[PDB]
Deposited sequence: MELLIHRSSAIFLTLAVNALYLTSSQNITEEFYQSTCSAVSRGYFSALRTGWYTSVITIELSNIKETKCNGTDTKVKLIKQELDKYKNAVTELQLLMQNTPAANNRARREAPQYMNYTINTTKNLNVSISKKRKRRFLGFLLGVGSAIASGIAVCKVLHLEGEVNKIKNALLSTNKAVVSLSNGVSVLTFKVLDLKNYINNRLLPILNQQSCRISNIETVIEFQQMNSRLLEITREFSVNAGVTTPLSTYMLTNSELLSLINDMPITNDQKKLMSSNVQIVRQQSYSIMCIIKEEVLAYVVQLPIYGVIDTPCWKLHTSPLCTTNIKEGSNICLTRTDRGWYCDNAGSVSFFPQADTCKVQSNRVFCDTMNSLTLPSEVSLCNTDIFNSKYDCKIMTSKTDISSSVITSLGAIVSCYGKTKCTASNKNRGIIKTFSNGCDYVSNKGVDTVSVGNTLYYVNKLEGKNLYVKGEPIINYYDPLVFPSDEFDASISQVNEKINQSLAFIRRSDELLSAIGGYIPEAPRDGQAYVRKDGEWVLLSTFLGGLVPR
């Protein structure tokens, strides 16, 4: 957890480095099953409370099976996924859906049923060429047919004991909650709950997945994050089996360097009303080296940071050439056309970084950094400035209070003239929402083609 952060005064941006990747590139699919009983009506006509109680619970079981059948008519299941508007589009659950489709082919559910006759965990080779870990997590068929129905049948049906009511409730419990979870999510859930897959089942699954021991260690040390990036997909009710697919991430990029880019608006600071111009670097977000290029995540919130490990889904990334990082040290470089937006919107704001805070202070806004016991320790002047988190608790910009992160690291302030000062405001192309350094230079040049004749 050796984090280093550099602030660039010239471009009102800061880069936090020292992070290591865990990027999801693949999917592991597993089939989870519950064995069901094919009983729709019992010939018990008693009146006492125990009788009604078993009937109520059997009604709950039967209405769960029916709800799961109505989830099946809304199948295929549905799910999908500053510069976020450019992201590509595809379904996040295509892999799971392909496995569900295979489970509909004659014999396939029966093959899984036979693999789990004598064990609750087995690898099965499906017809489409995937080997999947399959589980039987609950056997309501044996419980209803062999432990409950003999009580209700071979004797007067009122002769049960209140313990069997309570046991049947406990056996039905996990089925009703899986059904509930699927019913309010249209058969596709994320994060993966402990009712879809318990911790012991999930850790067992990870341990038997066709991945390296390092990947197994990563996933087992970060179970919650694995759950947040996993899906459960309702598949089929068929031949007295309920089957659903769990889709777990495979982190095909691990331990490459990652860095987070924070950006804020950089405006001129004249007092005259509406006389100021602005630019903001629009390439903020997470960056991870990946296979000769760089995976860029423009909605930074899509990545989950655990200490110095950054977990992201590659479906939330744009693939950029590695020269994009030159924008941090030389925004005018000729190898990559660095992205900016221009405006005359000089509204104050702050960004809390990994190890400090950037503050864009304009007009009359009060912008300060404080220590809870000592008072104000820094006051920001008009323009874009930075403070490390050392000795600081909070940053106030106008009426809003922000808390800095408490992590201790290394901070570097790179001094430089704000680049907004290099532009002639009479010819600056303001109000460009998605622009770049070259486009702006090109426009300035063109509109200095009139001033030529002068």
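- Unmodelled regions of the deposited chain sequence (numbering from residue 1, in sequence order): 1-25, 107-136, 510-550.
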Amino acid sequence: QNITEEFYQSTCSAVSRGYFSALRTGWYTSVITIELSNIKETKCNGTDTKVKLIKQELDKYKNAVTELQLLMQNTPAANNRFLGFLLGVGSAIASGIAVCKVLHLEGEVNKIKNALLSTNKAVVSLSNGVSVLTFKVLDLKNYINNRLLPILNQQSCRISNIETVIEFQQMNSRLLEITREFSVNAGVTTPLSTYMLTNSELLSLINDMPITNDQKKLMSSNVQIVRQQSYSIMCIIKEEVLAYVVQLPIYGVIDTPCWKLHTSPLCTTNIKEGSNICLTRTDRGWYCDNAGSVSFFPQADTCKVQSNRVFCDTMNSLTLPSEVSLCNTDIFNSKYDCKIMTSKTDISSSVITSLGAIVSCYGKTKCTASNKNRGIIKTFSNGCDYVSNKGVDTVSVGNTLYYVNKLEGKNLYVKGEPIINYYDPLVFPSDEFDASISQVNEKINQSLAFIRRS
From here on, numbers count along this sequence of modelled residues.
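- Once the C-alpha B-factors are averaged per stretch, 32-40 and 410-418 rank with 32-40 first.
- Comparing 219-227 with 121-129, the stretch with the higher mean C-alpha B-factor in the PDB entry is 121-129.
- Note on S193, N74, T263, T329: the highest value goes to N74, judged by CA B factor as recorded.
- Note on the listed residues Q299, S348, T268, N153: the highest Cα temperature factor in the record is that of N153.
- In the deposited entry, the Cα temperature factor of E181 places it in the middle third of its chain's modelled residues.
- In this PDB entry, the Cα temperature factor of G398 sits in the bottom third of its chain's modelled residues, the lowest group.
- Ranked within its chain, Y251 lands in the lowest third, by CA B factor from the PDB record.
- When the modelled residues of the chain are ordered by C-alpha B-factor, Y143 sits in the highest third.
- When the modelled residues of the chain are ordered by C-alpha B-factor, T11 sits in the lowest third.
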